[PDB]
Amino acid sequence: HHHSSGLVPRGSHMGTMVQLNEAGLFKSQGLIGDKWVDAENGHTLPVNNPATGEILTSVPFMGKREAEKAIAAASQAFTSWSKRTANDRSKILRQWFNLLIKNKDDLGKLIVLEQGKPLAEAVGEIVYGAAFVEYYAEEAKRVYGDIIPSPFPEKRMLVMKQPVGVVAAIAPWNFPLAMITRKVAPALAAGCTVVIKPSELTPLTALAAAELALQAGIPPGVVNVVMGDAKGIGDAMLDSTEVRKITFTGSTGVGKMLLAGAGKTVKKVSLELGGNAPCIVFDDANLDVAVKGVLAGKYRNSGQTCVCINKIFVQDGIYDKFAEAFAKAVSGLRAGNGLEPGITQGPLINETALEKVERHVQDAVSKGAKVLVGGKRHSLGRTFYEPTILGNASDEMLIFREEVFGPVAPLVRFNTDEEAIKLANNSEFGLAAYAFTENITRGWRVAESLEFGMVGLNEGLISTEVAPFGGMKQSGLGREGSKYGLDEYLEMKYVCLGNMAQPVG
C-alpha cells in the first residue's frame, strides 16, 4: 500500500478514476446474467485515454462462447420481463433514468477519459442519452393496439403489439452512452431483453450504465454487456434463433455485412450507417445564424458524428461574407484535454481516424482546395487535428464523396437553388442535411426536396430523443427516438374474432 507500490498504475487523472471507482462506475468485466465476468480464457484488451495515451483499465476480450451465454441469459429473462405490465417496466426504467442523471458529472468524466470529447459535451451526452431512457419509460405505457371496423358483420378485428424477443445491439465509440441507451431503452420498454456489444474503444461507459441499470431494479439477464472479438460476437448474434432483432450503429461496410447475415434467420434489422451531410447556405440566409449553425453542426465532437456537416454548398452572393465570418468563428475553437475547462475540441479516436482526415485534406489540396484555416496536425500531437476550412472544394474531391469524420469543412460555391439541391441529392447517403434560408417558400421547398432522413432548417444542432432519427438510401433502416422508435421492438398481431352477434336495440 506504500505510494511506490505499482499495483494500480500511477498516472494522470487518477483522482477522477478513484472517484469513478468509489461510485461503483469503473468496471473491468462484462455482464452476463447475474454475474460480472471475465473472458473464458482470461484474455483482455486495453482501454486508453486518447488525449494522454495512458491506460485506464483492461476489459475482457470475449467471443462466440460468451456471447452465446449472454443470449441464453437474455432469453431466460425475456419470459418474465415481457409479461410484466408496462407500468411496472416504466417505473424501473425511470429509476434507471434518475440514476444516470444523478451520476451525470462522473459519467461525463468517464466519456472524456475513454473517448476524449470536452467535458461540457460529455455531460450533455449523459443528459441526451438518459433522455431516451425517460422517453421510452413513458412510451412503454402507450403501446396502443387497435380495434378496426370490420366489413364482415360477424367478425371483430383487433391489432395487438407485443415485444419481438431477444435483441442484439452493437454500438460505436463516438457517443459511448447515448448509442447504448438509444437501443436499450426502447427494447426494455417494449418488453425485450438485450445483449449489447459496445465499441471495444469505449466500453467503460456502457458497463457503468449497466451497473446503474442493475441498481435501478432491472433484473439480471434483461441487460447483458459483452465485448472483444466483434466478428465472433456478431456471428453468435446472427446465428442464434432466439435473437429476433438486431440493431447496429456504425460503418456502412459492417452494417451491410450484418444485414446480409440477418437474412438467414429473417431477423428484424435496424441500422444507422455512414452519412455525408450536405449543408446549403443560400444567398438569403441570416449570416449569423448560418455561421453559428455550421460551426456547431460541423465541429461538435471534433466532427466525429453521423449527423455532422460534411460539405457546405454556399451560394455565390453570400460566399465571401460567409467564408470570412465562418473562418473567424472557427479560429476561436481550442484543442486539448477534455478535462481542462475552456477546451472545445478533443482528439480523434485513433491513428486510423487521423490518417483518414489527412488523406481527405491532402486529396482536396491536390485537386485545388484552398486552406483558409488549419490544414495540419495540431501542435499537441497524438490524434489532435487543427479545425480546418477548405475553400474552393469540388465534386471530384474525396471529402465531397466520402465521410471525413473529422474537423474539416469544405466549401463549394454554387449558382442556383436547383443546382445545389440536385447536387445534395446525388449520393447514396441519406442521413442528415442542412439548409439556411430566411424565406418560407425556399425553406419548405428545400426541406421537402432533400432525400435525407433528417433536415436542419436554420439549425445546426438537430439531435433529440423526441424525433425519429435514421437514414434513407444506404444510410440505414428504421428510426430511433420518438413514438416510432418503439415500433422497431414490437411485432404486430391481427386478431380476428368470429361468430360475433349484432348489437341489441
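In case it trips you up, residue 1 is the first one in the sequence shown, and so on.
Stretch comparison (459-467 versus 24-32) by mean CA B-factor in the PDB entry places 24-32 on top. Per the PDB record, of the two stretches 352-360 and 230-238, 352-360 carries the greater mean B-factor over its C-alpha atoms.
Ranking 480, 438, 38, 451 by the C-alpha B-factor listed in the PDB entry places 38 at the top. If you compare the C-alpha temperature factors of 249, 87, 82, 394 in the entry, 394 comes out highest. In the deposited entry, the Cα temperature factor of residue 50 sits in the middle third of values across the chain's modelled residues. Among the modelled residues of its chain, residue 139 has a C-alpha B-factor that falls in the lowest third, as given in the PDB entry.
When the modelled residues of the chain are ordered by C-alpha B-factor, residue 368 sits in the highest third. Per-chain ranking of the deposited C-alpha B factor places residue 429 in the middle third. In this PDB entry, residue 176 carries a Cα temperature factor that places it within the middle third of its chain's modelled residues.
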